[PDB]
Structures are given as structure tokens and as C-alpha cells.
Protein chains: 2
Amino acid sequence: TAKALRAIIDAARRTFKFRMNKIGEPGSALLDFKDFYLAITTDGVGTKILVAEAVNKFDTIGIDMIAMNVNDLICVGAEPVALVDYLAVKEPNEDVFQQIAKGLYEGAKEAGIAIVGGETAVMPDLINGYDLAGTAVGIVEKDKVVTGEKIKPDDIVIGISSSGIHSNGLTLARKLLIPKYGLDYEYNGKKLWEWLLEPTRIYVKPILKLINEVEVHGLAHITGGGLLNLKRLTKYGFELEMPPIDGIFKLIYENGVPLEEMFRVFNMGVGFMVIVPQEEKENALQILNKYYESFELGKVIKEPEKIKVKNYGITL
Amino acid sequence: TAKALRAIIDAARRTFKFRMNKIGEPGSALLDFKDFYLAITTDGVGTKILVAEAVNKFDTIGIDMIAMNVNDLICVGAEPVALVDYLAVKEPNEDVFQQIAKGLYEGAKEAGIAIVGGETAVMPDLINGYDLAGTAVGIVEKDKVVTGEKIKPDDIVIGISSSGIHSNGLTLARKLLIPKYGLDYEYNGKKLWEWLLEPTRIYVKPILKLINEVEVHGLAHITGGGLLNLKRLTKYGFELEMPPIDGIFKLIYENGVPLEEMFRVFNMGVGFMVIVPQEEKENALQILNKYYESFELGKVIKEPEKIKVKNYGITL
Ligand SMILES: [Cl-]
Ligand SMILES: [Cl-]
Ligand SMILES: [Cl-]
Ligand SMILES: [Cl-]
Ligand SMILES: [Zn+2]
Ligand SMILES: [Zn+2]
Ligand SMILES: [Zn+2]
Ligand SMILES: [Zn+2]
Ligand SMILES: [Zn+2]
Ligand SMILES: [Zn+2]
Ligand SMILES: [Zn+2]
Ligand SMILES: [Zn+2]
Ligand SMILES: [Zn+2]
Ligand SMILES: [Zn+2]
Ligand SMILES: [Zn+2]
Ligand SMILES: [Zn+2]
Ligand SMILES: [Zn+2]
Ligand SMILES: [Zn+2]
Ligand SMILES: [Zn+2]
Ligand SMILES: [Zn+2]
Ligand SMILES: [Zn+2]
Ligand SMILES: [Zn+2]
Ligand SMILES: [Zn+2]
Ligand SMILES: [Zn+2]
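Residues numbered from 1 in each chain as written, not as in the entry; some residues may be left out. Chains lettered and ligands numbered in written order. Heavy atoms only, no water.

The PDB entry annotates chain A as Phosphoribosylformylglycinamidine cyclo-ligase originating from Pyrococcus horikoshii OT3. Here the entry title, as the record gives it, is "Crystal structure of Pyrococcus horikoshii AIR synthetase". Regarding chain A, the relevant UniProt record gives this comment under Catalytic activity: "2-formamido-N(1)-(5-O-phospho-beta-D-ribosyl)acetamidine + ATP = 5-amino-1-(5-phospho-beta-D-ribosyl)imidazole + ADP + phosphate + H(+)". Listed in UniProt under the heading Sequence similarities, the comment for chain A reads: "Belongs to the AIR synthase family." (UniProt positions renumbered as here; feature names shortened; annotations may be inferred.)

Undergrad: Hey, could you run me through the sheet that holds strand 10 (residues 218-221) of chain B in this one?
TA: Where strands meet in a sheet, backbone hydrogen bonds hold them as pairs that are either parallel or antiparallel. Residue and element names in this part refer to chain B. Pairing is mixed in the open sheet, where seven strands are placed in the order 10-12-7-13-11-14-15. In this open sheet, the two strands that pair with only one neighbour each are strand 10 and strand 15 (314-315). By the bridge criterion, three bridges tie strand 11 (residues 236-240) to strand 14 (residues 307-309) in an arrangement that is parallel. In the strand pairing of strand 14, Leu 240 is matched with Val 309. (Pairing = 2+ DSSP bridges. Helix = DSSP H or I, 4+ residues; strand = E, 2+ residues; numbered from the N terminus.)

Undergrad: Got a minute to help me understand the sheet that holds strand 1 (residues 25-26) of chain A in this structure?
TA: All names here are of chain A. With respect to topology, six strands assemble into an open sheet ordered 1-2-3-6-4-5, the strand pairing being mixed. Each edge of the open sheet carries a strand with a single partner, namely strand 1 and strand 5 (114-122). As judged from the two bridges shared by strand 1 and strand 2 (residues 29-32), these two strands associate in the antiparallel manner. Considered in strand 2, the bridge of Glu 25 is made with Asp 32. On top of the sheet, helix 4 (residues 94-111) reaches strand 4 (79-89), strand 5 and strand 6 (130-140); it is set at about 165° to strand 4, its chief contact. (Contact = heavy atoms within 4.5 Å. Axes fitted to C-alpha atoms, helices over the stretch in contact; angles between N-to-C directions.)

Undergrad: Hey, could you run me through the environment of A:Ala284 in this one?
TA: Residue and element names in this part refer to chain A. Secondary-structure assignment places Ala 284 in helix 11 (residues 281-288). Accessibility expressed as a relative area gives 0% for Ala 284, which makes it buried. Placed ten residues apart in sequence, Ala 284 and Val 274 show a C-alpha to C-alpha distance of 9.0 Å. In this structure, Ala 284 is in contact with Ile 158, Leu 210, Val 214 and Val 276, ignoring residues within four places of it in sequence. (Buried < 20%, exposed > 50% of the residue type's maximum accessible area, 1.4 Å probe, protein only.)

Undergrad: In this structure, what is going on with the nonpolar core? I would like to understand it.
TA: Within soluble globular proteins, side chains that are nonpolar generally end up buried alongside one another. Formed by 216 residues in total, the largest nonpolar core has its most connected members in A:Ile66, A:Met273, B:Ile66 and B:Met273. Once residues within four sequence positions are removed from consideration, A:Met273 is found in contact with A:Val157, A:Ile158, A:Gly159, A:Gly218, A:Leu219, A:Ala220, A:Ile222, A:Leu227, A:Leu230, A:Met242 and A:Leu297. Core analysis: the second largest hydrophobic core is formed by 26 residues, A:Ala29, A:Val116, B:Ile40 and B:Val84 among them. (Core = buried A, V, L, I, M, F, W, Y, C linked by side-chain atoms within 4.5 Å.)

Undergrad: Explanation requested: the pattern of salt bridges in the structure shown.
TA: Opposite charge on two side chains lets them pair, provided their charged atoms get close. All names here are of chain A. Counted by the stated rule, this structure contains 30 salt bridges over all chains. Residue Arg 13 pairs with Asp 10 through a salt bridge whose shortest N-O separation is 2.8 Å. You can see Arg 13 and its partner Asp 10 sitting in helix 1 (residues 2-14), three residues apart, about one turn around the helix. Residue classification places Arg 13 among the partly exposed residues on the basis of a relative accessible area of 45%. Residue class for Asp 10 comes out partly exposed when judged on its relative accessible area of 27%. Between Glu 303 and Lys 302 there is a salt bridge, with its nearest N and O atoms 3.9 Å apart. Shared partners join several salt bridges into a network, and the residues in it are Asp 32, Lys 34 and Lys 142. (Salt bridge = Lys/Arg side-chain N within 4 Å of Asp/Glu carboxyl O.)

Undergrad: What should I look at first to understand unusual backbone geometry in this one?
TA: Excluding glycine, residues mostly have negative phi values, and the peptide bonds linking residues are mostly trans. Residue and element names in this part refer to chain A. In the Ramachandran plot, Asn 21 falls in the positive-phi region, its phi being about 55° despite a non-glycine side chain. Along the polypeptide, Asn 21 turns up in the loop between helix 1 and strand 1. With a phi close to 75°, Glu 305 is a non-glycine residue in the positive phi region. Inspection of the secondary structure puts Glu 305 in the loop between strand 13 (294-304) and strand 14 (307-309). Judged by its relative accessible area of 39%, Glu 305 falls in the partly exposed class.

Next up, the structure:
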């Protein structure tokens, strides 16, 4: 898969010269609009829509699509503004479309954005079900971009607790759990399809409020890659105490996926991470906990690169 | 299909209040960024990709995707800036991806834009081939939006000649012509799959040059809807002399599709239309003909709404 994709990525990178010394030049991708940067991001829901089809429950899949886009905008400090959607279907089912629209409205409400357009394509010779994707745009001032460059040792890492499972980990979870257990298996009070369909969490409001009130050095959406999303932020290392394995991640880990790979695939209870100075710890926790449960995770340390999960004995 | 889609469109319109008195408020969709409007548009290639799969020729389908997006941006006078793509595949074929990338590069070159991101989703339980879509953003100053409000009677309509077929008409053309004739049928020097796969034309450069040099009252991308795209521009009517039926449109019209519906579905030889004052006619034709063959079509007339195609005896 990776080999084929490099062709598209390499071709797109050659088009950057077409905006040289022009408005909107690229430099989330960040577009130079002189007065600000325009952040742009693109993501689909993936195979989580297969669980939605299996149980005829589509009213939260639009929350997932919006969440994957707007959470990647706030990574760089951008305020999400608008989103356009791409919906490709085999057949136009009125009742499914009304379900999808409810999740799109609620997701746009939490993210504080407007859904300003999109395309619905009925292609039964092409799609065998439902495919939902989207593109989001945000705005960030040029001196407010959160790059992670200001992350220094002794900075504190704070995690905001997650909700649902992302697309990459959901492929492994479906493939590992559905044949053995079935979608109707009850695990720890929730049926398996509920664990797999539960929408991911939208972090726009607590993060925008945090950035407005607190000195922030780093922002990481814990999506595909797990703690690897934290590693790309800085050349320094981390020393974390991740929360106990719990929920659906306990069942997956019980079913043979090694610890080292769990933290590289799933969010493991933390959906978003912030990095503030030592002194801002209590300010930051107090703001974020108005919204979701947030908690101290670890610190930035001097030994470069590696992430050391103390209470597990894992290194990434 | 229409009934189901209204649910998504009505839900998206309710989210507009979420940007009230905020940056990027909606008002192509146009986003109020104070210093300018950001135009945003979304479109996929549709079933033209089925012809590409049938003949293993994917090196122009990316031209189509970019053309459908950037031609809808310049409709309002916006300069296209960037594009992100959504590619959903059954299998990641390296050779097909290298083909697609060539068309994306060449299309971005003609449109003068950068491809700044996107998502490729390998979902074999979801796609049975290839699905290519995209979103484009452009910029237009607030006092430069071409709305069509300045269109008045005696204004001259100029058409820029088209290239290929759009997605809506391609569905009718495949369905009408492929069973009777086969993709290998030679019609007027080109095989049928070549008529159906030929990319649509990118009009960014001649239109941007026109808007910079000439007083322009109206801009219409002749896409899905045919001459109906001209009708939405103004409450006044039109009196046109469309070019003779020719090329693949001759074979379709020979195969039973009525004249009135041809001008409502296909581009009929004109891919883009501009409306300038009477006095600008020769200035405008001289600029556009540096790029593609452009020609006088008709005029705006006083009798409201209806489009009268003189040399056919059709009214729309
Ligand atoms: Cl997400
Ligand atoms: Cl996850
Ligand atoms: Cl087009
Ligand atoms: Cl057409
Ligand atoms: Zn530059
Ligand atoms: Zn994704
Ligand atoms: Zn993402
Ligand atoms: Zn009904
Ligand atoms: Zn400043
Ligand atoms: Zn600082
Ligand atoms: Zn997430
Ligand atoms: Zn101090
Ligand atoms: Zn402080
Ligand atoms: Zn205190
Ligand atoms: Zn307003
Ligand atoms: Zn379309
Ligand atoms: Zn279009
Ligand atoms: Zn190879
Ligand atoms: Zn001005
Ligand atoms: Zn004028
Ligand atoms: Zn076109
Ligand atoms: Zn004069
Ligand atoms: Zn003049
Ligand atoms: Zn002259």
C-alpha cells in the first residue's frame, strides 16, 4: 500500500512550485494567506461505517468524520471554520441519509463549524455500501502556530481522555474480535458493535479555550499511530505513565496484540495530549477538566526521541 | 435520489449559525475572511473512472477531477489556490497510482494550483474499483465577486469551446451507447472509449486573464445542466446560436435523445461562457482566443428567464 501511495504524494509535492510567490502558497497543510495561515485537512471514517451498516445505526458516523478533521486542525493551533463532505453511496436510502445528517449536525455543533458544501455521488457500479469523507479548513495567525519547537525538557504532558476507536485500530479490532465473538457479544456492559461504533471525541472547545488562556508548547491528536503522534512533536524524549488498559483495549490486548503495538495503534485511553510548561500544569488541568477528564501523563526529558512508558516497561 | 439528499443539505444549512459573527462565516460556497472571500468547492469524477478501468488508462482522470473543481471556483471570479484529493480504492495498484498521479500533476499545472493534501483509503470491503474526488479552495476580493447581477440586456454572451464530457452526461452516454456499439467502436476518427474518457477542459488561465483585462458581468461553467448553468446567472433571458451538433453529441442525438434534453444535459460544444458588455466583445474574444477557440454566442434580452436557441427552435 505504501509503495503505491508514494506516487501520489511525490506528484503533489511537485505542484508546490505552482504557488511560489503567490497567495496561498503551502508551507494539516498550512497555506500562506499573508494575514494568516489557512489550515486544510482531509480524512474519511474508514471501515467504522461497516459496523454502522451492520446494525443500521448511522447517526454518529458523521461525528467521527468531523472529529478526525477538526482534531487535526487544532493540532497546529488552528481554529476550525468550515467543512465539506464527500458521500459516496450504492443506493440513496432516505432513512440512512437522515441518520447521517443528524451526526453531521451534532459534530458541527461541537466543533463550532459550518458545513458549507460537499458532493453526494450515487454510483452503484462503484460503491457497495456507504463511504463518508470530508475536508476541513481552519485559520491560525502566523505567530500562533503550535509547531512543538518550544517543547523543552521538564515540560509537562497532559492527556485528555478519549471516547471511541480510530480507523486504523478499528481494522485490527474488527478483524481480531468479530469472528471470535460476534457483534452481539456483551463485554463489560456494552455490546461489541457499540465498542466499535462509539464515535471518537471532538476536542475543539477545550483546546481553543486552553490556547486562549494558557502558554502551550505542543498539541498532539492521538489518532492513527498512538503515542507515535507525540513523538513527531519534538526531538526530545518523553517519560509517561499511561492510564491502565481498560475497556475494549483490554479485550484486544487479552486477544494477543502485544503491549508495544497497542500504544502504536490505539489511543489507549488518551485521545489528545497537550504540552505546557511545568508552571502551567494546574492552570491547564483546571481549564481542560471543565470539558473532559484531563490528567497529568508525564514529562519531556533530555534523552532524545524515545518514549518511556514507566508503569509498563515499554519504549517506543 | 433527490429526496434523500435534501436531508444532508438541510442539515448543513442549519450549521451556518455556528459561524455567526465569526471568521469564515458562509454567505462555490463563499467564506467571509474579512480581507477576502474564500471559495470552496467539491466534486468527484463519477463514472468516467469506469471507462478508465475498462481500458487501463488513468492518466487523465485526475485532469477531470481538478477541472470540475477549479472551473467552479472561477465561476465567481475566484483564483484557484489549492486542492486536496480523496482516493478510495479496492486495491493499491502501483501502476494505476502512477497513472493517476500524472493527471493530477498536469491538471494542477494548467490550473496553477498546489495539491496540498488528501487521503487514500484502501477499503476492499467498500470499493470495487477506484473512486477519485477532491476539494478546491480559491480566493476572491469582496468587491470582485462575479455574481451575474451586473448582467443587463444587450450584453454579449461568448462561449469557449469544450473538450470532454461531464459526469451527468457520461452516465447517459455509457448507458445509451456502450451496449449498442461497444467501447471499441470507431466513430468519426476516435474510438468510443476515447470519446467517453477524453478529459474536460481547464479554463483557469484564460478566465483569470480575462477578468484582469476586461469588464466581466457573468461567468458560467457549462457543467451538469447544460445551458441551465447560464440561466441561473440572471433573471433576464438569452438569445443564442449554439454551434452545430458535432462529435460524440451527434451520435447521442442520432440515438434518440431529444434536442431539448441535449442542451440540458451535455455541454454541446461550449464548456464555459462569459458575459461582457457589447463594447468589450472584440477585447474579450481576442484575449480568450490566445488560449482556446472562443466565439460569440448570443445576447441577453429583455423577456425574462427563457433561453431561446435561435438556430434550433428550442426554448429552455
Ligand atoms: Cl477523531
Ligand atoms: Cl484508537
Ligand atoms: Cl470540468
Ligand atoms: Cl458534457
Ligand atoms: Zn515560497
Ligand atoms: Zn483516515
Ligand atoms: Zn487524521
Ligand atoms: Zn419517504
Ligand atoms: Zn501577533
Ligand atoms: Zn512558552
Ligand atoms: Zn480522535
Ligand atoms: Zn515563573
Ligand atoms: Zn503560570
Ligand atoms: Zn491550586
Ligand atoms: Zn452573519
Ligand atoms: Zn459531480
Ligand atoms: Zn461542479
Ligand atoms: Zn513495483
Ligand atoms: Zn478594492
Ligand atoms: Zn460592468
Ligand atoms: Zn467542465
Ligand atoms: Zn463606451
Ligand atoms: Zn471596451
Ligand atoms: Zn479590431
